[PDB]
Amino acid sequence: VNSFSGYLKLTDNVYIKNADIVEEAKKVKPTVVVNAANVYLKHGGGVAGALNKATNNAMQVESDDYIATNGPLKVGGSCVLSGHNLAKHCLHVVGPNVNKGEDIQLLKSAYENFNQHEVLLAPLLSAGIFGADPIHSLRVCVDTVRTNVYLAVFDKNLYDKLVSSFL
Ligand SMILES: CS(=O)(=O)Nc1ccc(C(=O)O)cc1
């Protein structure tokens with residue numbers, strides 16, 4: 001038994017809810033929240049900017065130090081940093097950005113990072129401003145992630161479409 005409430009069970013291990021992932025992170029304080037990162041960890045908008053704003057920019061300050069030391073992530077890759085006031089840890093995962101021409105086949109690699117964590121609160125990778133089809137992102141998630149993943153979908157319209165079209 002864990003602290004996640006109001007989710008709808010899609011599979012043995014994947015759960016989904018209509019909620020802002022930022023708001024969800026503040027209530028639950030999960031062990032791991034996933035950020036929809038880019039390779040530079042520049043958290044300007046979307047999930048990353050909303051998460052970063054909720055940390056009062058501390059996520060960005062930590063991220064800038066991480067990049068100064070390590071250089072950019074890979075598309076499909078991740079790093080574990082602090083969860084600040086939102087979670088114990090933030091898993092920054094880089095899905096391919098379709099609006100930059102990145103290989104959608106990298107979405108599976110991106111979701112494989114989730115398997116290193118027993119339980120996660122996450123958004124749909126490569127959805128929103130990253131330009132991928134969220135229906136596709138949910139299919140890759142279900143077919144790739146084996147650990148317990150609690151997906152937050154902010155758009156109520158999209159949430160209902162994801163559920164009603166789920167195979
Ligand atoms: C409402 S918020 O901007 O504070 N935080 C969010 C939540 C979800 C998304 C998304 O694209 O799914 C983007 C930002």
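In what follows, residues are counted from 1 in the order of the sequence shown. Counting convention: from 1, in listed order, for ligands and their atoms alike.
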Practice task
Could you tell me how the ring of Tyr150 sits relative to the ring of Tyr7: parallel (under 30°), tilted (30 to 60°) or perpendicular (over 60°)?
Solution key: perpendicular
Can you tell me the protein heavy atom closest to [atom] and the distance?
atom	value
atom 11 (O) of ligand 1	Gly128 CA, 3.9 Å
atom 12 (O) of ligand 1	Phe154 CB, 4.3 Å
atom 3 (O) of ligand 1	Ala50 CB, 3.7 Å
atom 10 (C) of ligand 1	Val47 CG2, 4.1 Å
atom 7 (C) of ligand 1	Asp20 OD1, 3.3 Å

Problem - Under 3.5 Å: donor-acceptor pair, side chain of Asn18, backbone of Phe154 - result: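 Yes.
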Problem - Exercise: do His89 and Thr31 side chains pair donor with acceptor under 3.5 Å - result: no
Exercise for the section: Treating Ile, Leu, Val, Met, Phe, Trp and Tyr as nodes and any side-chain heavy-atom pair under 4.5 angstrom as an edge, say whether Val93 and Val149 lie in one connected cluster. Expected result: yes
Exercise for the section: Answer with yes or no whether the hydrophobic clustering places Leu106 together with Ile104; edges join I, L, V, M, F, W, Y residues whose side-chain heavy atoms lie under 4.5 Å apart. Expected result: no
Exercise for the section: Please state whether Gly46 comes within less than 4.0 angstrom of ligand 1, counting heavy atoms only. Expected result: yes
